[PDB]
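Trainee: Here it is: the structure, laid out below.
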Amino acid sequence: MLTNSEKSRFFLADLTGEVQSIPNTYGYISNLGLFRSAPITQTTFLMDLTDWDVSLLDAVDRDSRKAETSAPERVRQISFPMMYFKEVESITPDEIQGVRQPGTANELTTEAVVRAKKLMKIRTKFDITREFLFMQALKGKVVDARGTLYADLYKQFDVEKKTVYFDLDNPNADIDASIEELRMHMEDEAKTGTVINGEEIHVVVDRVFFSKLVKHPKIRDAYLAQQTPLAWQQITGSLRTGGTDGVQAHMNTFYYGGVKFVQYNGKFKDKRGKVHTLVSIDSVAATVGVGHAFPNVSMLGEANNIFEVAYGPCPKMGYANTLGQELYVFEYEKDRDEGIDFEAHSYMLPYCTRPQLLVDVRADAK
Amino acid sequence: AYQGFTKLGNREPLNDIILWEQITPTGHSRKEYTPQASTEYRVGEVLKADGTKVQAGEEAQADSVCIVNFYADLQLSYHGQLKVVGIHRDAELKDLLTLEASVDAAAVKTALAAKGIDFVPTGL
Amino acid sequence: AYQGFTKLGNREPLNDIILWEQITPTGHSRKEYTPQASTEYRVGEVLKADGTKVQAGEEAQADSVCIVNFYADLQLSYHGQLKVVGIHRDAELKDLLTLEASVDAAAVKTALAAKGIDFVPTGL
């Protein structure tokens with residue numbers, strides 16, 4: 001289709017269309033399905049905690065006829081707030097009065113196109129925020145991008161956090177020791193009362209940690225000396241055999257000691273301009289490798305699910321005590337046909353019931 | 001939460017420390033005290049003759065062990081009774097005493113033992 | 001019960017004093033305040049520009065009317081929110097105000113009337 005030439009209004013040139021650049025989105029955790037949906041009809045919720053313990057038994061003389069006794073159990077209660085998100089957008093006639101469509105010659109913009117584009121942008125923003133919140137919850141502390149602290153699991157439940165150092169820099173350092181330490185921690189600190197297999201865990205790491213782990217002499221020589229398809233594939237094949245995040249079709253994967261390592265490159269930008277890497281650990285230089293480990297869903301079964309998401313109701317009329325939904329979208333007409341304005345609402349809080357099972361991994365040594 | 005966590009408090013201790021006591025048509029090993037003003041009572045606390053708690057330097061005055069949780073602001077126990085009840089005579093109790101600051105447990109236990117009260121060493 | 005009666009307390013005032021307000025996106029007629037000094041907040045209270053309650057001798061400093069109930073020990077609103085909110089302009093409200101001791105209602109009404117806040121008579 002023809003348009004005016006570059007330097008003359010009386011000559012025509014041909015237009016071939018448009019090319020669009022769309023920002024990257026990752027949404028890896030959101031697709032694993034770790035977090036269950038638990039809608040509620042209130043702005044807060046409670047939980048009950050029960051504890052008891054046993055100890056060895058001391059021998060007593062038969063004739064004295066004395067004995068021992070066990071102390072009673074302890075019951076406790078807790079509570080949680082929830083996070084509210086909202087944003088606004090509007091459409092006015094000045095956006096469509098004489099504004100050419102980018103990909104055409106003499107076709108005007110219409111209300112429908114702007115509507116669709118803006119709604120898609122809103123949905124993208126909310127998906128990004130959901131992914132960031134899920135990752136923050138997995139880290140163990142739920143904090144808004146602005147930096148506000150909403151939930152502190154390690155204080156809500158009186159327990160500490162564990163960090164595992166791998167010392168990948170040292171050529172002589174052993175990795176099986178750290179892997180076993182992680183396995184024993186996960187197997188012992190659950191206190192679920194049932195048999196637990198610690199071999200079922202996710203281990204998500206960053207680029208530097210993955211490179212250091214893969215290129216360590218001890219791992220490389222051990223996998224090089226073996227004649228088996230796994231050894232061939234990893235040493236001289238392609239390690240990109242994992243699932244798909246929001247950008248790339250396969251995630252770097254590595255197998256060793258029965259543990260599966262995955263490299264996650266997800267990162268987002270705050271509206272202040274700074275960059276929020278998802279896999280980083282607070283107050284640690286980005287040059288050091290870092291990872292996070294958490295149990296699988298099958299490690300305890302659906303009967304004892306550990307990850308949940310709560311959804312609250314909208315503040316507007318007609319939703320006073322409704323069950324709650326992931327996202328609300330509303331539209332209203334401006335005065336005397338002046339335009340249209342939209343609104344999107346959300347109200348949620350992700351949390352964990354056994355935060356002591358979240359372990360951080362580091363490449364340095366101390 | 002403002003600090004990132006909220007705590008609604010722990011359940012009050014339940015009255016199960018009594019392993020053995022002298023059963024009688026009228027409580028032979030139990031005594032009634034008039035609740036002191038603005039004082040909160042809980043199971044396992046040590047009381048003097050006048051119903052006030054035992055502080056440092058007067059363990060020799062220990063008289064009885066509280067048995068009922070009493071709420072000061074209501075002037076009423078958790079069972080709706082008007083008075084505090086404590087053990088003051090021979091009996092066997094679990095070793096779960098609650099004491100004020102700088103109170104020597106050994107002195108209190110020795111003083112109580114003179115009245116026939118023995119403590120069974122509870123496990124963990 | 002001691003003294004023959006016990007009262008558990010009346011229900012907190014509900015948020016129904018608003019008859020009309022400038023409804024616009026981002027709450028043009030509402031402002032937020034930071035809770036401080038473990039102060040308890042209830043609907044209908046008058047707050048200064050610094051988030052503290054108006055007191056006698058400073059009625060001219062009235063800024064806004066509280067709209068949410070806040071608990072000091074929880075450090076959270078009755079809806080689980082972190083901050084206090086109030087109405088500071090362009091609203092019509094019921095006459096159910098709450099004022100500190102010795103505070104003149106005429107002075108605060110005149111001060112708020114300058115900001116476009118009006119009150120409607122209430123027949124009990």
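Chain lettering (A, B, ...) mirrors the order of the structure tokens, residue numbering begins at 1 for each chain separately, and ligand numbering begins at 1 in order of display.
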Once the least-squares fit of chain B onto chain C is done over all Cα atoms matched in order, how many Å of RMSD are left?
Mentor: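 Computed value for the CA RMSD is 0.4 Å.
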Trainee: Within 8 Å of chain C, which residues of chain A show up when using only C-alpha atoms, listed as JSON, numbers by chain?
Mentor: {"A": [43, 44, 81, 82, 88]}
Trainee: Please build the interface table for segment 23-96 of chain C against segment 108-124 of chain C with a cut-off of 10 Å, listing for each qualifying residue the nearest atom pair and the distance in Å to one decimal; count only C-alpha atoms, order rows by chain and increasing number, and write it as CSV.
Mentor:
```
residue,atom,partner,partner_atom,distance
C:46,CA,C:108,CA,8.4
C:54,CA,C:108,CA,9.0
C:58,CA,C:108,CA,9.3
C:59,CA,C:108,CA,5.5
C:60,CA,C:111,CA,6.0
C:61,CA,C:111,CA,7.8
C:62,CA,C:108,CA,6.3
C:63,CA,C:112,CA,7.0
C:64,CA,C:112,CA,7.5
C:65,CA,C:112,CA,8.9
C:87,CA,C:117,CA,8.6
C:88,CA,C:115,CA,7.1
C:89,CA,C:115,CA,5.2
C:90,CA,C:116,CA,4.8
C:91,CA,C:117,CA,5.0
C:92,CA,C:118,CA,4.8
C:93,CA,C:119,CA,5.0
C:94,CA,C:120,CA,5.3
C:95,CA,C:119,CA,5.7
C:96,CA,C:122,CA,8.1
```
Trainee: Show which residues sit within 10 Å of residue 89 of chain A, as a PyMOL selection string. Count only C-alpha atoms, and ignore same-chain residues fewer than 4 positions away.
Mentor: (chain A and resi 118-119+122+331+340-344) or (chain C and resi 25)
Trainee: Counting only C-alpha atoms, figure out which residue out of C:51, C:86, C:17, C:101 gets nearest to residue 31 of chain C.
Mentor: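 The closest residue to residue 31 of chain C is C:86.
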Trainee: If you take only C-alpha atoms and a cut-off of 10 Å, which residues of chain B touch chain C, and what are their nearest atom pairs and distances in Å to one decimal, in chain and number order, as CSV?
Mentor:
```
residue,atom,partner,partner_atom,distance
B:1,CA,C:76,CA,6.8
B:2,CA,C:75,CA,5.9
B:3,CA,C:75,CA,8.6
B:5,CA,C:74,CA,9.7
B:6,CA,C:74,CA,7.2
B:7,CA,C:74,CA,8.8
B:8,CA,C:74,CA,9.2
B:73,CA,C:6,CA,9.9
B:74,CA,C:6,CA,7.1
B:75,CA,C:2,CA,5.7
B:76,CA,C:1,CA,6.2
B:77,CA,C:1,CA,9.3
B:80,CA,C:1,CA,7.4
B:81,CA,C:1,CA,7.9
B:82,CA,C:1,CA,6.8
B:83,CA,C:2,CA,9.9
```
Trainee: Could you please determine the separation between atom CA of residue 34 of chain C and atom CA of residue 83 of chain A in Å, to one decimal place?
Mentor: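 Going from atom CA of residue 34 of chain C over to atom CA of residue 83 of chain A, I get 17.5 Å.
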Trainee: Please, which residues of segment 39-105 of chain C, numbered as in this document, come out strand (DSSP E) from DSSP, as a list in words?
Mentor: residues 46, 47, 64, 65, 66, 70, 71, 76, 77, 84, 85, 86, 87, 91, 92, 93 and 94 of chain C
Trainee: Could you check how far atom CA of residue 317 of chain A sits from atom CA of residue 337 of chain A, in Å to one decimal?
Mentor: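 The value is 24.2 Å.
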Trainee: Report as a ChimeraX atom specification all protein, DNA and RNA residues lying within 7 Å of residue 67 of chain B, evaluated on only C-alpha atoms, omitting residues in the same chain fewer than 4 positions from it.
Mentor: /B:15,43-44,85-86
Trainee: Please produce a file of the residues just selected, as a PDB file, in the first residue's frame, where the atoms kept are N, CA and C atoms.
Mentor:
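That gives us selection19.pdb:
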```pdb
ATOM      1  N   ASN B  15      -5.071 -28.139  84.316  1.00  0.00           N
ATOM      2  CA  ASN B  15      -4.908 -28.725  85.639  1.00  0.00           C
ATOM      3  C   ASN B  15      -4.762 -30.238  85.542  1.00  0.00           C
ATOM      4  N   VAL B  43      -1.923 -22.091  86.847  1.00  0.00           N
ATOM      5  CA  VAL B  43      -1.606 -23.390  87.422  1.00  0.00           C
ATOM      6  C   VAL B  43      -0.115 -23.482  87.707  1.00  0.00           C
ATOM      7  N   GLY B  44       0.226 -24.108  88.830  1.00  0.00           N
ATOM      8  CA  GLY B  44       1.610 -24.354  89.174  1.00  0.00           C
ATOM      9  C   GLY B  44       2.319 -23.223  89.883  1.00  0.00           C
ATOM     10  N   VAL B  85      -8.016 -21.698  94.427  1.00  0.00           N
ATOM     11  CA  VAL B  85      -7.865 -22.966  95.129  1.00  0.00           C
ATOM     12  C   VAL B  85      -6.430 -23.444  94.966  1.00  0.00           C
ATOM     13  N   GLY B  86      -5.847 -23.944  96.053  1.00  0.00           N
ATOM     14  CA  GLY B  86      -4.476 -24.415  96.019  1.00  0.00           C
ATOM     15  C   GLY B  86      -4.275 -25.622  96.909  1.00  0.00           C
TER      16      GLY B  86
END
```
Trainee: Please provide as a ChimeraX atom specification all residues within 9 Å of residue 142 of chain A, with the sequence filter that same-chain residues fewer than 2 positions apart are discarded (counting only C-alpha atoms).
Mentor: /A:133-140,144,148-153,349-351 /B:4
Trainee: Rounded to one decimal place, report the atom CA of residue 39 of chain A-atom CA of residue 310 of chain A distance in Å.
Mentor: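 Going from atom CA of residue 39 of chain A over to atom CA of residue 310 of chain A, I get 5.2 Å.
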Trainee: With only C-alpha atoms as the counted atoms, please give the residues lying no more than 7 Å from segment 103-105 of chain C, apart from itself and same-chain residues fewer than 4 positions off, as a ChimeraX atom specification.
Mentor: /C:55-56,99,109
Trainee: Determine which residues of segment 104-272 of chain A receive a DSSP assignment of helix (DSSP H, G or I), computed from the backbone, and state them as a PyMOL selection string.
Mentor: chain A and resi 111-139+153-156+175-188+207-214+217-224+229-236
Trainee: So which residues touch residue 347 of chain A within 6 Å, counting only C-alpha atoms, skipping near sequence neighbours fewer than 2 positions away, as a PyMOL selection string?
Mentor: chain A and resi 83-84+311-312
Trainee: Output C-alpha atoms for every residue in that selection, as a PDB file, in the first residue's frame.
Mentor:
```pdb
ATOM      1  CA  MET A  83      -1.498  -7.934  50.088  1.00  0.00           C
ATOM      2  CA  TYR A  84      -3.717  -5.756  47.886  1.00  0.00           C
ATOM      3  CA  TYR A 311      -7.345 -15.082  47.666  1.00  0.00           C
ATOM      4  CA  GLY A 312      -9.594 -12.453  49.215  1.00  0.00           C
TER       5      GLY A 312
END
```
